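Note that we place each Cβ from the backbone using ideal geometry, even for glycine, and neighbour counts take in every protein chain shown. Here, each number is a calculation from the coordinates, and none is a lab measurement.
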């Protein structure tokens, strides 16, 4: 709330048997877990073309969490996927857009690491120019939060978009660990 409105709860979906089995991704999922367990460089970012099924890896992580197959750092966590398009479409002015986004993210922060957030197309929230001037830019809120390590976050994007919008930003580069997803599975 409005986290519930503007996110999909992957851990809840996992518990209901609503996520498809993920095969051939044990290594990638294990790596994401290791990354999420670290002090600073602890935001895994899945890189690969759309056709490799990056979201499935996040769904696999949700599955592992709910069966308790994770370190103390992730035991009992809720894993949510942020729905930015719905937030953008539902707002018209910068003020209330940012207030609603801050409200969602404060709820995550107040959970003090009990909530992990997946952000797909993450280059679109880093305030590096993917969002048009004059358009509603989540980067105003998410760039500083991510750069300061205020979120437990998994991201996804393409290699080229990562290199364009995230690479060269030393603050984000420091926080993120790339996981290359080479082939569909």
Where a residue in the range 77-90 is touching a residue at least 60 places away in the same chain (Cβ under 8 Å) and its partner, wherever it lies, is surrounded by fewer than 20 Cβ atoms within 10 Å (Cβ to Cβ) and assigned to a strand (DSSP E or B), with Cβ under 7 Å and at least six apart: 78/9; 80/8; 80/9; 81/8; 83/8
Residue selected from the range 153-170 under the condition crowded, with 17+ Cβ neighbours inside 10 Å and in contact with a strand residue (DSSP E or B) (Cβ under 6 Å, 6 or more places away or on another chain), by the criterion nearest to residue 102 (Cα to Cα): 153
Selected residue [touching a helix residue (DSSP H, G or I) at 6+ places or on another chain (Cβ under 8 Å) and in contact (Cβ under 8 Å) with a residue 24 or more places away in the chain] from 159, 126: 126
Members of the range 1-24 that are more than 15 Å from the chain's Cα centre (by Cα) and buried (at least 18 other Cβ atoms within 10 Å of the Cβ): 14, 19, 22
Candidate set: the range 162-177, residues that are in contact (Cβ under 8 Å) with a residue 24 or more places away in the chain and in a loop (DSSP other than H, G, I, E, B); chosen: the one farthest from residue 84 (Cα to Cα): 169
Matching residues in the range 18-38 - criterion: being part of a helix (DSSP H, G or I), over 14 Å from residue 74 (Cβ atoms) and out of contact with any strand residue (DSSP E or B) (no Cβ under 7 Å at 6 or more places or on another chain): 26, 27
